[PDB]
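A.B. asks: Provided herewith is a single structure, encoded as structure tokens, for subsequent inquiry.
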Amino acid sequence: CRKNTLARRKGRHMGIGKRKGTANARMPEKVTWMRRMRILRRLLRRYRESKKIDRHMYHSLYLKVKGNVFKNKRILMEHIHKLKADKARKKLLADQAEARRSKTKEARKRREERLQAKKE
Amino acid sequence: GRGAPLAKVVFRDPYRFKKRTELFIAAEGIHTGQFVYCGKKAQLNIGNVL
Amino acid sequence: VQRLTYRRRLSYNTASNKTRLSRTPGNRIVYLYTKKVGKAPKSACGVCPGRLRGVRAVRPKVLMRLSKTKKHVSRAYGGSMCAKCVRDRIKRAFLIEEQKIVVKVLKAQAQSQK
Amino acid sequence: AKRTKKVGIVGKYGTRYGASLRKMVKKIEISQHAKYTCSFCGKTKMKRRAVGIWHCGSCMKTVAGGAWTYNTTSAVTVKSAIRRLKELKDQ
Amino acid sequence: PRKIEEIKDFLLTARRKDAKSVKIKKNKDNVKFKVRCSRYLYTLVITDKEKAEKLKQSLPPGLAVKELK
RNA sequence: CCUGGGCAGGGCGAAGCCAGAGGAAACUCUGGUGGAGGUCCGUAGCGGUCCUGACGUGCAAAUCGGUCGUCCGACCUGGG
RNA sequence: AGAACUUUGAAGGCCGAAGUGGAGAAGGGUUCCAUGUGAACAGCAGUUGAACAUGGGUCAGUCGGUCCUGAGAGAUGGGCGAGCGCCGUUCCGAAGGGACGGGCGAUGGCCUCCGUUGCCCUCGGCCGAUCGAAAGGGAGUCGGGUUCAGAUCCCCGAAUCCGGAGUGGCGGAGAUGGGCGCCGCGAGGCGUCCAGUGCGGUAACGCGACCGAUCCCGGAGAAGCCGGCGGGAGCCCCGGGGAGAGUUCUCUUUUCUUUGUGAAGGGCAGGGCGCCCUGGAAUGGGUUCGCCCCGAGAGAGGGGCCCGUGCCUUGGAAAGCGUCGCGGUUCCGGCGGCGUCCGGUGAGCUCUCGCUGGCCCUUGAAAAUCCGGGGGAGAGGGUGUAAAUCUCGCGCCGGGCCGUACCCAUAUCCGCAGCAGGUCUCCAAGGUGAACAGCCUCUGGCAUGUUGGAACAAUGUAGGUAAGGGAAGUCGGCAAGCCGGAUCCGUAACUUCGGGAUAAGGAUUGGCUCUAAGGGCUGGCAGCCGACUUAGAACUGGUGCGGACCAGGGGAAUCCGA
Ligand SMILES: [Mg+2]
Ligand SMILES: [Mg+2]
Ligand SMILES: [Mg+2]
Ligand SMILES: [Mg+2]
Ligand SMILES: [Mg+2]
Ligand SMILES: [Mg+2]
Ligand SMILES: [Mg+2]
Ligand SMILES: [Mg+2]
Ligand SMILES: [Mg+2]
Ligand SMILES: [Mg+2]
Ligand SMILES: [Mg+2]
Ligand SMILES: [Mg+2]
Ligand SMILES: [Mg+2]
Ligand SMILES: [Mg+2]
Ligand SMILES: [Mg+2]
Ligand SMILES: [Mg+2]
Ligand SMILES: [Mg+2]
Ligand SMILES: [Mg+2]
Ligand SMILES: [Mg+2]
Ligand SMILES: [Mg+2]
Ligand SMILES: [Mg+2]
Ligand SMILES: [Mg+2]
Ligand SMILES: [Mg+2]
Ligand SMILES: [Mg+2]
Ligand SMILES: [Mg+2]
Ligand SMILES: [Mg+2]
Ligand SMILES: [Mg+2]
Ligand SMILES: [Mg+2]
Ligand SMILES: [Mg+2]
Ligand SMILES: [Mg+2]
Ligand SMILES: [Mg+2]
Ligand SMILES: [Mg+2]
Ligand SMILES: [Mg+2]
Ligand SMILES: [Mg+2]
Ligand SMILES: [Mg+2]
Ligand SMILES: [Mg+2]
Ligand SMILES: [Mg+2]
Ligand SMILES: [Mg+2]
Ligand SMILES: [Mg+2]
Ligand SMILES: [Mg+2]
Ligand SMILES: [Mg+2]
Ligand SMILES: [Mg+2]
Ligand SMILES: [Mg+2]
Ligand SMILES: [Mg+2]
Ligand SMILES: [Mg+2]
Ligand SMILES: [Mg+2]
Ligand SMILES: [Mg+2]
Ligand SMILES: [Zn+2]
């Protein structure tokens with residue numbers, strides 16, 4: 001029994017011919033979905049509670065994990081890295097444009113102050 | 001053995017201090033907490049036997 | 001591997017024969033009987049259902065053991081209302097009595113002006 | 001994905017008891033299994049109790065409704081007639 | 001049974017009447033004192049043999065003492 | 001009628017729900033989740049189609065061996 | 001005296017946890033156990049037995065009946081009937097004989113103080129006497145040991161329930177504070193007055209107790225079935241240790257049995273809450289396997305309550321178990337040493353608890369008992385003195401009656417019998433395996449089922465084959481045999497659009513090496529530990545691979561019944 005169990009742990013005696021039941025009987029699709037989605041839904045909690053994802057993209061990726069899109073933890077982590085790298089560019093360009101507009105409005109207000117000092 | 005709903009309408013005995021519980025046929029549209037009135041000069045609404 | 005056996009002659013798996021299995025100090029799995037579960041008292045006829053908090057949920061023939069601490073709450077309508085009923089009935093009684101006083105003084109003003 | 005195109009909820013039965021009978025049972029099964037908007041708490045928690053009885057989930061206010069819907073059109077007509085005879089010339 | 005925590009409470013139990021059995025059980029790390037007063041068994045466990053000896057000295061001599069081996 | 005007990009595992013995948021794509025709208029398509037049923041293969045259980053088998057002064061004044069129909073129910077069953 | 005059969009040693013097998021095992025309900029009634037005989041019984045036999053003869057064996061407050069009603073059965077009032085009797089269970093009944101409180105008269109004990117008798121006033125629906133469950137409801141006993149036969153009953157040890165307390169058994173609550181004038185340095189004292197039928201937390205609620213009468217309200221008792229999911233236990237799996245045993249032809253830090261805490265009280269994990277406070281969301285947010293939830297208050301933070309069958313603690317190591325040794329002829333629940341340990345994980349099986357959903361012209365039981373709340377009629381010492389009451393910790397007494405053996409069955413029941421028939425239940429291990437399927441083992445039982453020896457003729461009863469043809473035999477493919485499991489492709493006519501469908505028809509299936517993918521836990525990306533699943537590649541065995549067992553032949557049609 002121990003030698004046979006060691007062979008099954010190595011992966012032997014598990015061909016196509018020695019399967020006498022269906023795949024749903026051997027490893028259930030519901031149990032596979034439960035394990036898969038529990039891991040893919042608590043990795044987002046470990047990210048959100050610590051540092052990584054914000055409040056708003058958490059719900060979007062939560063619904064996208066509830067849908068059958070993300071296969072496993074590796075490509076889920078890669079998609080989170082892709083959204084983070086896109087969000088960094090989308091906030092960097094917005095901050096540069098906001099800095100340019102803020103300096104322009106400050107220059108316009110200071111020119112208004114100069115004309116106010118020249119009038120009075 | 002009945003498709004019509006039964007309504008447990010509790011009353012108050014006018015003669016002795018005791019709440020009397022009766023079993024009415026539930027009219028359509030009544031709800032729990034509605035003051036079901038009963039008597040001669042009761043105003044005509046759904047549920048008021050008169 | 002030690003297949004265990006009943007201790008009474010109640011040979012059927014009824015509701016009163018609700019059991020468990022424990023381990024003796026003499027190294028033997030024994031078949032020990034369990035009292036049926038007692039539910040806590042609930043509120044009075046019209047609120048959202050939910051067991052009242054702070055009452056020892058036992059059988060009522062076990063409630064003779066209990067003192068006057070583990071059967072009620074010190075509040076008025078303690079072991080009968082879940083205190084949401086209390087804070088609603090107090091406000092309802094007060095508002096209906098005050099509005100009947102308003103209707104009574106309106107009728108008194110109608111008596112004085114008619 | 002749209003898995004059934006005609007049977008809808010009646011596909012739990014299958015091939016039996018006629019297309020017209022299944023079509024006539026379909027609408028009232030949707031009516032008895034659809035949640036209704038509660039007129040008291042404003043939610044949509046009208047859970048179906050036994051026949052004639054409807055029950056909202058929040059605030060536990062049980063209402064005596066129709067056998068398969070929340071309001072019968074005949075019942076709305078009766079309610080309109082009862083309020084009309086109520087406010088008709090003060091009895 | 002019950003576990004008395006205080007030495008004064010255990011000695012008050014020993015002073016209290018309707019008690020007919022006081023047992024002393026030595027152990028490899030502590031010592032246990034047993035009082036079978038009436039339908040309850042009261043135990044004082046203590047880890048000091050000098051305190052056990054002075055409690056044996058302060059034990060009232062009117063009652064029998066059984067030493068378990 | 002009252003009061004109790006019991007029904008191994010797999011197949012088909014209804015309603016509801018999620019995600020993606022198309023469309024101006026109506027809505028449609030795809031991939032999942034879900035576990036519905038007087039549903040399917042099948043055990044225990046309940047009955048007994050065929051061999052017109054065995055027996056047929058028998059195990060038995062109706063039984064046995066295969067092959068069987070059904071097995072969440074219009075299901076089987078104890079006691080009063 | 002006598003052995004195919006009795007008993008023991010050994011060997012080989014079967015039943016293989018849905019048992020040929022361990023105990024029950026109905027039924028049997030001594031069949032249970034010991035001793036003796038073997039004419040009689042057992043279809044031969046016995047030295048054997050459920051046969052015969054003699055003698056034993058059933059111990060209960062906490063197991064059940066007794067209590068309660070369920071479907072129902074039932075007497076009186078009433079009615080009918082020639083009549084034994086019958087109808088009926090609230091109907092046409094003067095169908096409560098009880099208690100509280102007050103007043104009056106009398107008796108007794110230590111006539112202080114109490115307990116009764118008799119009368120009057122006041123209050124008081126029975127859903128109607130009564131029966132009806134050894135599986136329904138129903139308070140409370142568990143651990144070790146004992147016999148030839150008992151076991152939750154007997155012995156030891158440790159607990160719990162239900163009744164009882166008059167001169168009211170002991171403590172603790174209720175209980176003892178504040179103000180004033182005087183004396184005294186002060187601690188304190190003197191005299192007067194007043195309060196005191198408990199406190200705390202903002203809350204949900206908590207404590208060692210917390211005056212309560214007719215009456216009223218409420219809860220428990222008191223609920224269907226089927227999915228899911230999670231926690232806990234038991235069993236199973238793996239690695240290390242400790243004790244004993246097996247194999248050693250060669251190898252194997254190998255293999256096998258065991259490795260403990262009962263009821264009860266306390267503490268702490270774990271699970272749950274439709275339980276509270278702060279606080280206001282939208283760029284909508286939080287969570288499930290599935291849902292669901294949110295302005296009638298979500299997230300977040302802080303609290304409260306319930307079950308705590310889990311761990312520790314008194315019980316409790318002094319017993320129990322394993323192993324080694326020592327004395328008594330024996331009687332001794334002997335005597336001594338050591339151990340009775342460390343962890344991990346689960347689509348694992350069973351039981352239990354909890355959340356949530358689905359189903360319905362099915363709503364899935366009453367009663368006895370017991371508790372809480374609203375009400376304030378009344379009760380009590382009145383102040384340096386202690387009660388009215390206690391659902392608090394204790395202390396004392398008692399718990400009557402009936403049953404308790406054994407079989408519970410291919411040999412203790414029924415069928416005329418030790419009859420392949422029938423009869424309601426709980427516990428269920430390892431491997432292969434989807435499986436409580438089938439097959440082989442372990443714990444536990446057994447002698448093959450009312451006979452043995454010799455030979456293997458016909459015919460028979462069950463099982464398997466057979467060159468070539470493949471239904472030509474026969475009323476009929478009757479019987480038998482082919483496909484059968486799983487994975488990857490691909491699936492028609494018709495249709496109520498659901499099905500037909502595992503349609504039809506193909507490929508692979510063994511062994512051994514690998515490769516890739518599917519996780520958890522720590523530190524501000526790095527490191528440690530295990531899971532059996534899927535897919536792909538090479539090599540190899542006589543094309544052999546569901547290698548045993550498990551197991552759909554298929555298609556075209558007609559008639560009838562959906
Ligand atoms: Mg599925
Ligand atoms: Mg019972
Ligand atoms: Mg079916
Ligand atoms: Mg078919
Ligand atoms: Mg078939
Ligand atoms: Mg037959
Ligand atoms: Mg025949
Ligand atoms: Mg013959
Ligand atoms: Mg069959
Ligand atoms: Mg078959
Ligand atoms: Mg079938
Ligand atoms: Mg063998
Ligand atoms: Mg079973
Ligand atoms: Mg059996
Ligand atoms: Mg005998
Ligand atoms: Mg003899
Ligand atoms: Mg004979
Ligand atoms: Mg005899
Ligand atoms: Mg006793
Ligand atoms: Mg009669
Ligand atoms: Mg008469
Ligand atoms: Mg009775
Ligand atoms: Mg009992
Ligand atoms: Mg016995
Ligand atoms: Mg015992
Ligand atoms: Mg579970
Ligand atoms: Mg577990
Ligand atoms: Mg305990
Ligand atoms: Mg017995
Ligand atoms: Mg027989
Ligand atoms: Mg039989
Ligand atoms: Mg016969
Ligand atoms: Mg197994
Ligand atoms: Mg397996
Ligand atoms: Mg023989
Ligand atoms: Mg026999
Ligand atoms: Mg041939
Ligand atoms: Mg040939
Ligand atoms: Mg051919
Ligand atoms: Mg031909
Ligand atoms: Mg012919
Ligand atoms: Mg055939
Ligand atoms: Mg052949
Ligand atoms: Mg065709
Ligand atoms: Mg077909
Ligand atoms: Mg035709
Ligand atoms: Mg038919
Ligand atoms: Zn509502």
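Ordered as shown in the structure tokens, chains take letters A, B, and onward, while each chain numbers its residues from 1 and ligands are numbered from 1 in the order shown.
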I'd like the neighbourhood of residue 20 in chain B as a list in words, where a residue qualifies if any of its atoms comes within 12 Å (using only C-alpha atoms (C1' of nucleotides)), though same-chain residues fewer than 3 positions away should be ignored.

C.D. replies: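 These residues fall inside the cut-off: residues 8, 9, 10, 11, 12, 13, 14, 15, 16, 17 and 23 of chain B; 216 and 217 of chain G.
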
A.B. asks: Hey, which residues come within 10 Å of ligand 26 if we count only C-alpha atoms (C1' of nucleotides) and all ligand atoms? Could you give them as a ChimeraX atom specification?

C.D. replies: /G:229-232,351-353

A.B. asks: Using only C-alpha atoms (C1' of nucleotides) and all ligand atoms, find each residue with an atom at most 8 Å away from ligand 23 and format the answer as a list in words.

C.D. replies: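 For ligand 23, the residues inside 8 Å are residues 63, 64 and 138 of chain G.
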
A.B. asks: Near range 39-56 of chain E, counting only C-alpha atoms (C1' of nucleotides), which residues have an atom at most 7 Å away, once you skip same-chain residues fewer than 5 positions from it, shown as a PyMOL selection string?

C.D. replies: (chain E and resi 1-5+10+29-34) or (chain G and resi 314)

A.B. asks: The selected residues should be written to file as a PDB file, in the first residue's frame (atoms: N, CA, C and O atoms (P, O5', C5', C4', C3', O3' and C1' of nucleotides)).

C.D. replies:
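Written output follows (selection-v6.pdb):
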ATOM      1  N   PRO E   1     -16.317  17.590  41.504  1.00  0.00           N
ATOM      2  CA  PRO E   1     -15.516  18.107  42.618  1.00  0.00           C
ATOM      3  C   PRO E   1     -15.148  19.573  42.435  1.00  0.00           C
ATOM      4  O   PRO E   1     -15.367  20.127  41.359  1.00  0.00           O
ATOM      5  N   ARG E   2     -14.599  20.195  43.474  1.00  0.00           N
ATOM      6  CA  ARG E   2     -14.239  21.603  43.434  1.00  0.00           C
ATOM      7  C   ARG E   2     -12.776  21.781  43.810  1.00  0.00           C
ATOM      8  O   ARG E   2     -12.199  20.978  44.553  1.00  0.00           O
ATOM      9  N   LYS E   3     -12.186  22.853  43.290  1.00  0.00           N
ATOM     10  CA  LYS E   3     -10.774  23.169  43.466  1.00  0.00           C
ATOM     11  C   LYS E   3     -10.662  24.444  44.293  1.00  0.00           C
ATOM     12  O   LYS E   3     -10.924  25.541  43.789  1.00  0.00           O
ATOM     13  N   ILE E   4     -10.274  24.302  45.556  1.00  0.00           N
ATOM     14  CA  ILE E   4     -10.080  25.456  46.423  1.00  0.00           C
ATOM     15  C   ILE E   4      -8.741  26.098  46.087  1.00  0.00           C
ATOM     16  O   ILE E   4      -7.713  25.415  46.014  1.00  0.00           O
ATOM     17  N   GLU E   5      -8.751  27.413  45.867  1.00  0.00           N
ATOM     18  CA  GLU E   5      -7.538  28.136  45.512  1.00  0.00           C
ATOM     19  C   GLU E   5      -6.776  28.644  46.731  1.00  0.00           C
ATOM     20  O   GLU E   5      -5.541  28.613  46.744  1.00  0.00           O
ATOM     21  N   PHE E  10      -9.181  26.622  52.284  1.00  0.00           N
ATOM     22  CA  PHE E  10      -9.091  25.180  52.503  1.00  0.00           C
ATOM     23  C   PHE E  10      -9.001  24.845  53.986  1.00  0.00           C
ATOM     24  O   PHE E  10      -9.580  23.851  54.443  1.00  0.00           O
ATOM     25  N   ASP E  29       5.685  16.433  41.237  1.00  0.00           N
ATOM     26  CA  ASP E  29       5.926  17.864  41.130  1.00  0.00           C
ATOM     27  C   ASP E  29       5.103  18.714  42.088  1.00  0.00           C
ATOM     28  O   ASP E  29       5.409  19.901  42.243  1.00  0.00           O
ATOM     29  N   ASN E  30       4.087  18.153  42.735  1.00  0.00           N
ATOM     30  CA  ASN E  30       3.240  18.894  43.660  1.00  0.00           C
ATOM     31  C   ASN E  30       2.658  17.914  44.672  1.00  0.00           C
ATOM     32  O   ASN E  30       3.123  16.777  44.799  1.00  0.00           O
ATOM     33  N   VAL E  31       1.645  18.360  45.406  1.00  0.00           N
ATOM     34  CA  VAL E  31       0.961  17.519  46.379  1.00  0.00           C
ATOM     35  C   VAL E  31      -0.489  17.982  46.459  1.00  0.00           C
ATOM     36  O   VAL E  31      -0.785  19.183  46.390  1.00  0.00           O
ATOM     37  N   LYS E  32      -1.401  17.015  46.544  1.00  0.00           N
ATOM     38  CA  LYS E  32      -2.830  17.279  46.521  1.00  0.00           C
ATOM     39  C   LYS E  32      -3.457  16.903  47.856  1.00  0.00           C
ATOM     40  O   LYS E  32      -3.145  15.854  48.433  1.00  0.00           O
ATOM     41  N   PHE E  33      -4.340  17.770  48.342  1.00  0.00           N
ATOM     42  CA  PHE E  33      -5.024  17.600  49.613  1.00  0.00           C
ATOM     43  C   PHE E  33      -6.516  17.485  49.344  1.00  0.00           C
ATOM     44  O   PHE E  33      -7.099  18.355  48.685  1.00  0.00           O
ATOM     45  N   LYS E  34      -7.127  16.424  49.862  1.00  0.00           N
ATOM     46  CA  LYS E  34      -8.502  16.055  49.562  1.00  0.00           C
ATOM     47  C   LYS E  34      -9.344  16.145  50.823  1.00  0.00           C
ATOM     48  O   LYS E  34      -8.959  15.605  51.862  1.00  0.00           O
TER      49      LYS E  34
ATOM     50  P     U G 314      -5.833  19.015  38.371  1.00  0.00           P
ATOM     51  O5'   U G 314      -7.146  18.904  39.267  1.00  0.00           O
ATOM     52  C5'   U G 314      -7.145  19.324  40.623  1.00  0.00           C
ATOM     53  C4'   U G 314      -8.433  18.950  41.310  1.00  0.00           C
ATOM     54  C3'   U G 314      -8.921  17.536  41.049  1.00  0.00           C
ATOM     55  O3'   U G 314      -8.297  16.564  41.864  1.00  0.00           O
ATOM     56  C1'   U G 314     -10.702  19.044  40.711  1.00  0.00           C
TER      57        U G 314
END

A.B. asks: Quick check: residues of chain F within 9 Å of chain D, only C-alpha atoms (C1' of nucleotides), returned as a list in words.

C.D. replies: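 So the contacting residues turn out to be residues 14, 15, 29, 30, 31, 36, 37 and 39 of chain F.
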
A.B. asks: Separation of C1' of residue 53 in chain F and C1' of residue 458 in chain G, in Å?

C.D. replies: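 These two atoms are separated by 22.8 Å.
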
A.B. asks: Can you list, as a list in words, every residue of chain D that DSSP puts in strand (DSSP E or B)?

C.D. replies: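 Selecting the strand (DSSP E or B) positions of chain D gives residues 36, 46, 47, 48, 53, 54, 55, 56, 62, 63 and 64 of chain D.
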
A.B. asks: Store the residues of this selection in a file with N, CA, C and O atoms, as a PDB file, in the first residue's frame.

C.D. replies:
ATOM      1  N   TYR D  36     -41.575  40.464  -5.644  1.00  0.00           N
ATOM      2  CA  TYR D  36     -42.402  41.642  -5.854  1.00  0.00           C
ATOM      3  C   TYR D  36     -41.952  42.781  -4.951  1.00  0.00           C
ATOM      4  O   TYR D  36     -41.425  42.561  -3.857  1.00  0.00           O
ATOM      5  N   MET D  46     -40.716  40.398  -1.328  1.00  0.00           N
ATOM      6  CA  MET D  46     -41.953  39.626  -1.215  1.00  0.00           C
ATOM      7  C   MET D  46     -41.679  38.171  -1.566  1.00  0.00           C
ATOM      8  O   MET D  46     -41.655  37.789  -2.737  1.00  0.00           O
ATOM      9  N   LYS D  47     -41.478  37.353  -0.540  1.00  0.00           N
ATOM     10  CA  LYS D  47     -41.265  35.925  -0.711  1.00  0.00           C
ATOM     11  C   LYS D  47     -42.608  35.213  -0.667  1.00  0.00           C
ATOM     12  O   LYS D  47     -43.486  35.567   0.126  1.00  0.00           O
ATOM     13  N   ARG D  48     -42.768  34.213  -1.526  1.00  0.00           N
ATOM     14  CA  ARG D  48     -44.037  33.508  -1.629  1.00  0.00           C
ATOM     15  C   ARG D  48     -44.186  32.526  -0.471  1.00  0.00           C
ATOM     16  O   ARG D  48     -43.357  31.628  -0.294  1.00  0.00           O
ATOM     17  N   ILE D  53     -51.113  33.778   0.340  1.00  0.00           N
ATOM     18  CA  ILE D  53     -50.329  34.485   1.345  1.00  0.00           C
ATOM     19  C   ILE D  53     -49.035  34.962   0.702  1.00  0.00           C
ATOM     20  O   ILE D  53     -48.328  34.170   0.070  1.00  0.00           O
ATOM     21  N   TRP D  54     -48.726  36.248   0.858  1.00  0.00           N
ATOM     22  CA  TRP D  54     -47.444  36.796   0.453  1.00  0.00           C
ATOM     23  C   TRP D  54     -46.749  37.378   1.676  1.00  0.00           C
ATOM     24  O   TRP D  54     -47.398  37.810   2.632  1.00  0.00           O
ATOM     25  N   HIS D  55     -45.420  37.379   1.644  1.00  0.00           N
ATOM     26  CA  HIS D  55     -44.627  37.694   2.825  1.00  0.00           C
ATOM     27  C   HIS D  55     -43.396  38.480   2.412  1.00  0.00           C
ATOM     28  O   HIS D  55     -42.559  37.968   1.665  1.00  0.00           O
ATOM     29  N   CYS D  56     -43.278  39.711   2.902  1.00  0.00           N
ATOM     30  CA  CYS D  56     -42.081  40.506   2.669  1.00  0.00           C
ATOM     31  C   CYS D  56     -41.000  40.115   3.667  1.00  0.00           C
ATOM     32  O   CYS D  56     -41.287  39.831   4.833  1.00  0.00           O
ATOM     33  N   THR D  62     -46.855  40.406   6.892  1.00  0.00           N
ATOM     34  CA  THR D  62     -47.445  39.405   6.018  1.00  0.00           C
ATOM     35  C   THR D  62     -48.756  39.930   5.445  1.00  0.00           C
ATOM     36  O   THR D  62     -49.587  40.477   6.178  1.00  0.00           O
ATOM     37  N   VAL D  63     -48.943  39.767   4.136  1.00  0.00           N
ATOM     38  CA  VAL D  63     -50.083  40.327   3.427  1.00  0.00           C
ATOM     39  C   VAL D  63     -50.857  39.187   2.771  1.00  0.00           C
ATOM     40  O   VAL D  63     -50.293  38.148   2.413  1.00  0.00           O
ATOM     41  N   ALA D  64     -52.176  39.349   2.687  1.00  0.00           N
ATOM     42  CA  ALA D  64     -53.047  38.372   2.039  1.00  0.00           C
ATOM     43  C   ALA D  64     -53.258  38.820   0.602  1.00  0.00           C
ATOM     44  O   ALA D  64     -54.046  39.727   0.330  1.00  0.00           O
TER      45      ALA D  64
END

A.B. asks: For residue 12 in chain C, list every protein, DNA or RNA residue within 12 Å, evaluated using only C-alpha atoms (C1' of nucleotides), and leave out those in the same chain fewer than 4 positions away; present the list as a VMD selection string.

C.D. replies: (chain C and resid 6 8 16 to 19) or (chain F and resid 4 to 6 78) or (chain G and resid 24 to 25 135 424 to 426)

A.B. asks: Check the smallest atom-to-atom distance from each of F:58, F:64, F:27, F:3 to chain C using only C-alpha atoms (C1' of nucleotides), then report the winner.

C.D. replies: F:3
